[PDB]
Amino acid sequence: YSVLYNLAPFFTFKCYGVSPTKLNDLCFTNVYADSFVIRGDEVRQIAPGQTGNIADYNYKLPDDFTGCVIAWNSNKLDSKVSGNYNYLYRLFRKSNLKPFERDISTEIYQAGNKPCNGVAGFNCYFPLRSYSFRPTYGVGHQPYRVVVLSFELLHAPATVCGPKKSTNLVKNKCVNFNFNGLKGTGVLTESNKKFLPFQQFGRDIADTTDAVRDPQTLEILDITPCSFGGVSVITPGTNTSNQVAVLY
Amino acid sequence: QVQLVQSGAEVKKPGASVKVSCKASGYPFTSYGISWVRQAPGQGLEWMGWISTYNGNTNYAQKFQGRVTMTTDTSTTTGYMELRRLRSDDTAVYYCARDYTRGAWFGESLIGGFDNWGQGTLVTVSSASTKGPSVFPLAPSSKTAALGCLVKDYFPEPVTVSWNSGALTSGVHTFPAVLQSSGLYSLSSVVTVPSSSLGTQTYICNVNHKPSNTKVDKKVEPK
Amino acid sequence: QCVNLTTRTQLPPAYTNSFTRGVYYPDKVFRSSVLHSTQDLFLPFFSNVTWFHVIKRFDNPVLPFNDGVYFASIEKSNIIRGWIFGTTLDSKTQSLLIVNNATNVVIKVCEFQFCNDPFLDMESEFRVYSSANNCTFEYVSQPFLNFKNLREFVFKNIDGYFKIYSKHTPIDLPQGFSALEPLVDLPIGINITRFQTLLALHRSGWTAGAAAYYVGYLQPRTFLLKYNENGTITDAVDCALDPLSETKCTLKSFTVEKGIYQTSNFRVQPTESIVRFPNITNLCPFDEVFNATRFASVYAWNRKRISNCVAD
Amino acid sequence: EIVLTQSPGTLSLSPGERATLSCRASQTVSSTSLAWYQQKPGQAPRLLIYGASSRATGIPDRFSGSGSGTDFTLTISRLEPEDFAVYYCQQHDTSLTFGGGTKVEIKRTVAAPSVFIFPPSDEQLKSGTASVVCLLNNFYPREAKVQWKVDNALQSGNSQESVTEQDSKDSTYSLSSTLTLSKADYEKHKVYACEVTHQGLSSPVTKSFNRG
Ligand SMILES: *[C@@H]1O[C@H](CO)[C@@H](O)[C@H](O)[C@H]1NC(C)=O
Ligand SMILES: *[C@@H]1O[C@H](CO)[C@@H](O)[C@H](O)[C@H]1NC(C)=O
Ligand SMILES: *[C@@H]1O[C@H](CO)[C@@H](O)[C@H](O)[C@H]1NC(C)=O
Ligand SMILES: *[C@@H]1O[C@H](CO)[C@@H](O)[C@H](O)[C@H]1NC(C)=O
Ligand SMILES: *[C@@H]1O[C@H](CO)[C@@H](O)[C@H](O)[C@H]1NC(C)=O
Ligand SMILES: *[C@@H]1O[C@H](CO)[C@@H](O)[C@H](O)[C@H]1NC(C)=O
Ligand SMILES: *[C@@H]1O[C@H](CO)[C@@H](O)[C@H](O)[C@H]1NC(C)=O
């Protein structure tokens, strides 16, 4: 993701759930790219918890969306003098769209109670409407290309992340470890658990990660914290002596 | 830097199969596809095809639809070009280019073109064998003065010409080679010298032909 | 090419009891010696499941594909082969299909043109479809494979992902517990509502062997699963079956001592809905503006202000 | 498929003028799917403009492109001695197509040649064939018409013509014509002539030679 500021000055770059700033260290399961074209006034509709014509009839984002949106003006490539009618949207629908749903219905909208008989008529408007993009329109009406990136974070191998080199595997000592985006501290030892081939990491009664699978070799490693304890100081009065004893 | 290298020239017989290699360096091989284009001597460019490095999907031209094959090997990052039923019209220069028009992953069009090309591969077709060059001097008339050295039936095309080992380089004119109906080559070298030095100064024409290993040199004198 | 055959034995399908079947691992996290409560799509305990018997008996109706499906097969000599999923089952929409014809499992997600009875019958007769439009995804791998074969499968379609859990065992569904380990996960994104089973007849004119397949529907509910020392699910409790199971889930244990326990809260829900608004009174003078007898010219357009009324 | 036309066929300019080249498409083509290429003699073509407006990396700012709909142009503000090459326009909107090639050369003052004639050498008389040569020294412009005459008329067919490239210093052309014919008919004639007509000359020049 380091090479992304090499296009026209982006007008919208908003990222939810992950900070874009030099944070290509996270490993994801899969990535989804959703590309479309809208007008400038509709760009604000592409966000969690936003209501609008495009939001409920063309593209709805979840309230817990984890990912980002990049929208940039594309007037020089999608504006024609005669008018570009190749970009269409949906304005009439019976019910609002569910998140990440595609609607390609061409049926005539039954605005009234009488049937439309499959032809244009009274109380029968075509669901598809044309943007009619031209360079002479306003800033809000100018065409804009929008790409939405959705990241998947599950208990999966998660084989999509940045260029970070791996090191050797060392055991039987308290070290800092980064197992495929999962950071921690402790000693890793050979584990005697009967992991199943579809399983990745284990868990304990205290609901914490206590076992991992090496993403290079089919080996299960138990994770334990390094040595810990409390210290007590036994002393007589300072009015008597300066000698002390220590209890671990 | 991005670098491309190709194979050598071929003098194979008509009807055989041509095999070309395109080796890439300094750029991710899988991320980019490979385009094969040709340029005929005396003509312009003529694109043939495109090959994707991610899954091997290819796109051929309708003119060579039944003769062209492209493959890729990611171990050595080498593209392999195999053309069957070679004809006499295939004598041209072949160019291997990095494709930035169609994406290798999704197969859709992209804003760009061939931004990096190879060194070019010469393909020559002729149903004939090699032969040592035949050299003939051309003397000035009895009446600046001019003279020359004409070479005929030298095969293949690669041949070098020298006049006194570069002492008189300024004044040597070498016309482009011309092919006759017998599949044999022709070339000429022309030297212009002052008319006061025809009988004193020495002029030698030397023709070097590597495949036949000849360094034949002749003195050129007025007649 | 299609085969015409309507020798089906028209009879109502049987109904049977799914006691404690349809339990699958809900996640890839390893656990051991712990009781875990999870809310997910499961087959309810002691449920009504439809039973189809195939022997002539040849019934392959297209069944619905609500939020999940539990498929069971009591089989010998591998009569049941594969499945097809879709909504329209034509080229209008997307179609998904799986074949396991004792060679290798093949998954095909494209546009089809099925006949009125897609099925199969050495093996040299494939009469399922006649068209092949654009394609989306493909998958090839190892085959999934008194009656002695019992095969259990769970099919889910969540967020455009097709999840298939499977289990095989040697042998009215038998009473017992057997968890279903996950097998396949596919990023398809297909609108599935209706589905069909795939049979392979034994031509002699054919005589299909005896086989049985059961279908049940999944529902969202909370379960309490028990793991032994090894990471295997050995017992489960459905927290919505009866008051005793709900008490067990509340106490987070499989045994209950004598006493009285405050289990939950009960409440009733509304049936209808009503809306009351004051009235439609002193409507705005829109009729006066629209139905004026004489209209002014364009240069001298009549301008009026309307306020403090109902804009009908 | 679509066909691209280039204009003009050849450009004659000076190192310091402004160059404008035109490419026209028979059908409507998207501006984003048009590219310009400049191939100098002796090296592979290089990309300079893609998308009909944007500049390629490592390309001087003097080159530019523009156009719309069915007509596009490439503009060079100033001409350099290394900027003379063969220019191509390629469109990939429908399949992929290239252009024939627009060549831009150096325009200079009108000069005159030094046409000479060279009879076949003595060693060819025993080889069964004799080859006579007609030479054209530094001349400009390139357009010159050459013919062979065996003492009574105009002859063609049995002749091979060679024209060099743009000269390094004087930017002038040198031409060669070869006529090869068997000794049986070569001895049948004594006087031959080579005729050269050029714009620089005010009258066509004929050079005749006999046996000796
Ligand atoms: C690469 O990763 C695979 C994943 O299973 C592993 O089997 C293989 O050993 C790895 N190769 C190296 C050189 O680490
Ligand atoms: C099979 O049955 C259908 C049902 O009407 C009929 O239309 C068709 O002609 C029959 N034969 C074939 C070969 O499909
Ligand atoms: C549900 O199951 C019971 C007993 O298992 C049975 O009596 C009843 O008929 C079933 N429901 C239907 C609709 O058949
Ligand atoms: C059916 O089995 C044969 C081998 O008997 C195999 O070649 C073929 O691919 C299989 N077809 C399907 C749809 O699985
Ligand atoms: C692919 O889909 C298009 C419409 O999206 C349809 O017109 C076309 O027929 C399909 N391809 C085939 C082979 O049917
Ligand atoms: C699947 O298709 C049916 C056909 O009517 C439609 O009602 C339903 O909304 C579709 N599902 C989705 C998620 O769009
Ligand atoms: C668990 O695995 C061990 C492995 O040796 C086995 O002996 C035991 O029977 C398994 N089951 C239980 C309940 O311990």
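Residues numbered from 1 in each chain as written, not as in the entry; some residues may be left out. Chains lettered and ligands numbered in written order. Part of a larger assembly, values for the part shown. Heavy atoms only, no water.

Structure determination for this entry, per the PDB record, employed cryo-EM and reached 2.5 Å resolution.

A.B. asks: Before we go on, may I ask you to explain the overall build of chain B in this structure?
C.D. replies: Across its full length, chain B holds zero helices and 18 strands. At 23 Å, chain B has a C-alpha radius of gyration far larger than the 17 Å of a compact globule built from 223 residues. For chain B, buried positions account for 43% of its 223 residues. Carbon and sulfur atoms make up 52% of the accessible area of chain B, which amounts to about 11,000 Å² in all. Positive and negative side-chain charges in chain B, numbering 20 and 13 respectively, have mean positions lying 7 Å apart. (Helix = DSSP H or I, 4+ residues; strand = E, 2+ residues; numbered from the N terminus. Rg over C-alpha atoms; globule rule 2.2 N^0.38 Å. Buried < 20%, exposed > 50% of the residue type's maximum accessible area, 1.4 Å probe, protein only. Areas by Shrake-Rupley, 256 points an atom, 1.4 Å probe, with all protein chains shown as cover. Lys, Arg positive; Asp, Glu negative; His and termini not counted. Charge placed at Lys NZ, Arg CZ, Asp CG, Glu CD.)

A.B. asks: What is the right way to read the site of ligand 6 from this model?
C.D. replies: Surrounding ligand 6, one finds A:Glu101, C:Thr87 and C:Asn191. The environment of ligand 6 is shared, with nearby residues belonging to chains A and C. Separating an oxygen atom of ligand 6 from a side-chain N or O atom of A:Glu101 is a distance of 3.0 Å. For ligand 6, an oxygen atom lies 2.4 Å from a polar atom in the side chain of C:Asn191. About the coverage of ligand 6: the protein hides 35% of its 350 Å² of free accessible area. (Near = heavy atom within 4 Å. Polar contact = N/O pair within 3.5 Å; in protein donor to acceptor, adjacent residues only side chain to side chain.)

A.B. asks: Would you mind going over the domain arrangement of chain D with me for this structure?
C.D. replies: Partitioning chain D into domains gives domain 1 (4-106) and domain 2 (116-209). A straight line from the C-alpha centre of domain 1 of chain D to that of domain 2 of chain D covers 37 Å. (Domains from an automatic or database assignment.)

A.B. asks: What's the story with the site of ligand 4 in this structure? I'm lost.
C.D. replies: Residue and element names in this part refer to chain C. In the vicinity of ligand 4, the contacting residues are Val99, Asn101, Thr103, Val106 and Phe126. In the model, an oxygen atom of ligand 4 is placed 2.4 Å from a nitrogen or oxygen of the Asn101 side chain. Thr103 places a side-chain nitrogen or oxygen 2.8 Å from an oxygen atom of ligand 4. For ligand 4, whose free accessible area comes to 370 Å², the fraction covered by protein is 51%. Across the shell around ligand 4, the residue classes tally to three nonpolar, two polar and no charged. (Nonpolar A, V, L, I, M, F, W, Y, C, P; charged D, E, K, R; others polar.)

A.B. asks: In this structure, what is going on with the nonpolar core? I would like to understand it.
C.D. replies: Among soluble globular proteins, nonpolar side chains are generally buried collectively. Ranked by internal contacts, the top residues of the largest apolar core, which has 65 residues, are B:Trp36, B:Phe114, B:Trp117, D:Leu21, D:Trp36, D:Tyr37 and D:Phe98. Per element, the largest residue contribution to this core is five residues, and it comes from strand β8 (residues 92-99) of chain B. Non-local contacts of D:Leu21, meaning those with residues more than four positions away in its chain, are made with D:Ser7, D:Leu11, D:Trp36, D:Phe72, D:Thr73, D:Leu74, D:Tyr87, D:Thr102 and D:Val104. Counting 34 residues, the second largest nonpolar core, distinct from the first, contains C:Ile107, C:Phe153, C:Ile190 and C:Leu201. (Core = buried A, V, L, I, M, F, W, Y, C linked by side-chain atoms within 4.5 Å. Contact = heavy atoms within 4.5 Å.)

A.B. asks: For this particular structure, what's the right way to read helix α1 (residues 243-251) of chain C?
C.D. replies: Count 3.6 residues to each turn of an α-helix, and residues three or four apart come out pointing the same way. Residues and elements named next belong to chain C. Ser245, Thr247, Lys248 and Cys249 are the residues of α1 that are buried. Residues of α1 that are buried in the fold lie against β17 (219-227) and β18 (233-238). Immediately beyond the C-terminal end of α1, within one or two residues, lies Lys252, with a positive phi of roughly 55°.

A.B. asks: Explain the domain arrangement of chain B here, please?
C.D. replies: Put simply, an interface is often sized by how much accessible area is lost when its parts join up. In terms of domain boundaries, chain B breaks down into domain 1 (3-123) and domain 2 (134-220). Taking the mean C-alpha position of each, domain 1 of chain B and domain 2 of chain B sit 38 Å from one another.

A.B. asks: Help me understand the interface of chain D and chain B, please; the structure alone is not making it clear to me.
C.D. replies: Facing the 42 residues of chain D at the interface are 36 residues of chain B. A combined buried area of about 3,100 Å² lies between chain D and chain B, and 64% of that area is made up of carbon and sulfur atoms. Area buried by chain D at its contact with chain B is led by D:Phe98, D:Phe118 and D:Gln160, which between them contribute 18% of it. Remark: the boundary between chain D and chain B carries one salt bridge. Two residues, D:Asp122 and B:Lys223, come together in a salt bridge whose shortest N-O distance is 2.3 Å. Seen at the junction of chain D and chain B, the total is eight residue pairs in polar contact. Within the residue set of the side of chain D that touches chain B, elements represented by two or more residues are β4 (34-39), β5 (46-50), β9 (86-91), β11 (116-118), β12 (129-139), β14 (160-163) and β15 (173-182) of chain D. Top element by residues in the side of chain D that touches chain B is β12(D). It accounts for five residues. (Buried area = accessible area lost by both parts, 1.4 Å probe. Salt bridge = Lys/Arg side-chain N within 4 Å of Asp/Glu carboxyl O.)

A.B. asks: Sorry if this is basic, but what is going on with the interface of chain C and chain A here?
C.D. replies: Contacts between the two partners involve 14 residues from chain C, matched on the other side by 15 residues from chain A. Counting the surface lost from both chain C and chain A, the interface buries some 1,300 Å², and carbon and sulfur atoms represent 61% of this. Three residues stand out in chain C for area buried against chain A, namely C:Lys28, C:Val29 and C:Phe30, and they jointly supply 51% of the buried area on that side. At the boundary of chain C with chain A, the tally comes to zero salt bridges.

A.B. asks: Sorry if this is basic, but what is going on with the arrangement of the chains here?
C.D. replies: No other pair among the four pairs of chains in contact exceeds the contact count of chains B and D. Spatially, chain B is disjoint from chain C: no contact exists, and the shortest C-alpha separation is 12 Å. The smallest C-alpha distance separating chain C from chain D is 20 Å, and no contact links them.

A.B. asks: Please clarify how the pairing of β9(D) should be interpreted in this entry.
C.D. replies: Regular strands place side chains that alternate from one sheet face to the opposite one. All names here are of chain D. Within β9, six of the six residues are buried, leaving the element largely enclosed by the surrounding structure. Alternating residues of β9 divide into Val86, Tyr88 and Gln90 and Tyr87, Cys89 and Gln91, and every residue in both groups is buried. As paired elements, β4 and β9 share six bridges and run antiparallel to each other. When the sheet's bridge partners are listed, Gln39 is paired in β9 with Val86. (Pairing = 2+ DSSP bridges.)

A.B. asks: When you look at the state of the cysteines in this model, what are you seeing that I'm missing?
C.D. replies: Joining two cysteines, a disulfide is a covalent bond between their sulfur atoms. This structure, assessed with the given rule, holds 12 disulfides over all chains. Here B:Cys22 engages in a disulfide with B:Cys96; their sulfurs sit 2.0 Å apart. Disulfide B:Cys22-B:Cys96: the torsion about the S-S bond is -90°, which places it as left-handed. Taken as a pair, B:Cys22 in strand β2 (residues 18-25) and B:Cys96 in strand β8 lie far apart in primary sequence, 74 residues in all. The residues B:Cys22 and B:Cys96 share a single accessibility class, namely buried. A sulfur-sulfur distance of 2.0 Å marks the disulfide that ties D:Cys23 to D:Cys89. Between D:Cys23 and D:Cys89, the S-S torsion sits near 80°, and that sign places the bridge as right-handed. (Disulfide = S-S within 2.5 Å.)

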